[PDB]
Amino acid sequence: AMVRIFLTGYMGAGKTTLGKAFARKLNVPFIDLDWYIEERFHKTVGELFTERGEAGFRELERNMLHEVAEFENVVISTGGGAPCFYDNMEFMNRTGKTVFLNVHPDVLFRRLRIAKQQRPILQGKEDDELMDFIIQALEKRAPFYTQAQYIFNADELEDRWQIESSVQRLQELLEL
């Protein structure tokens, strides 16, 4: 049967790591929506946000989500905010197998600390300030993330064994 998977969750959850490994396992291509957006507009997501504003960027993201949703045999990763706008989550649920990569804040904290340089919004935040920031961000996003048809614990993606194990568990959960 035709495969169309959408991965959702916060930055640091492992959408790229698990997504690419899952796609490889299924032998289908992996598409990161942010990458797709940059290819279509020949502008980075940061440039689009500054040029179009929040509302404008979210409209274009929605439109690009609708484009990638027409692809068959693919694993699609979405930006952390995508599920919060329009009917994006409901739309993903209707068009493909939608998974929320649920990751405990202690794990997000560790991962984001290590990847601090790659996440400008976290610059200057340490210990309790950083943890409170993540926890609050998840509070705002959770009502959307939790609408995903499938909820998968993505806490363990820290080596080849863990990634392979996760891929297998996800494949079983999705009945693939």
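Enumerate the pairs (first residue in segment 77-95 and over 14 Å from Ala55 (Cα atoms); second residue anywhere and buried (at least 18 other Cβ atoms within 10 Å of the Cβ) and basic (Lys, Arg)) with beta-carbon separation below 6 Å, excluding pairs fewer than 6 apart on the same chain, so at least 6 apart or on different chains.
That search, which allows pairs on different chains as well, returns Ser77/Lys15.
Kindly provide the set of residues from segment 1-59 that are of a type in the set (D, E, K, R), within 19 Å of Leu176 (Cα to Cα) and under 15 Å from the mean Cα position of the chain (by Cα), ordered by number.
Within segment 1-59, the first condition is being of a type in the set (D, E, K, R), and the residues that meet it are 4, 15, 20, 24-25, 32, 34, 38-40, 43, 47, 51-52, 54, 58-59.
Subset that is within 19 Å of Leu176 (Cα to Cα): 4, 15, 20, 24-25.
If the condition is that a residue be of a type in the set (D, E, K, R), within 19 Å of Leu176 (Cα to Cα) and under 15 Å from the mean Cα position of the chain (by Cα), then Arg4, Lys15, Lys20 are the ones that fit.
Cβ contacts < 7 Å: first residue touching a residue at least 40 places away in the same chain (Cβ under 8 Å), restricted to segment 128-139; second residue among the basic types (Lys, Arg) and assigned to a helix (DSSP H, G or I), any location; separation 6+ or different chain. Result?
Qualifying pairs under 7 Å: none.
Looking only at residues that are assigned to a loop (DSSP other than H, G, I, E, B) and touching a strand residue (DSSP E or B) at 6+ places or on another chain (Cβ under 6 Å) in segment 134-164, which one is surrounded by the fewest Cβ atoms within 10 Å (Cβ to Cβ)?
So in segment 134-164, the residues assigned to a loop (DSSP other than H, G, I, E, B) come out as 146-149, 154-159.
Going one step further and asking which of them are touching a strand residue (DSSP E or B) at 6+ places or on another chain (Cβ under 6 Å), we end up with 148-149, 154.
Details: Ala148: 22, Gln149: 15, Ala154: 26.
Per the criteria, the residue is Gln149.
Picking from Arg58, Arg62, which residue would you name as being basic (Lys, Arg), within 29 Å of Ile135 (Cα to Cα), crowded, with 17+ Cβ neighbours inside 10 Å and in contact with a helix residue (DSSP H, G or I) (Cβ under 9 Å, 6 or more places away or on another chain)?
After ruling out the rest, the residue left standing is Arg58.
How many residues are farther than 16 Å from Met64 by Cα, crowded, with 17+ Cβ neighbours inside 10 Å and among the aromatic types (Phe, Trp, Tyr) if we restrict to segment 75-133?
Count: 2.
Neighbour counts run over all protein chains shown; Cβ positions are idealised from the backbone, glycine included. Bear in mind that the values in this text are calculations on the coordinates, not laboratory data.
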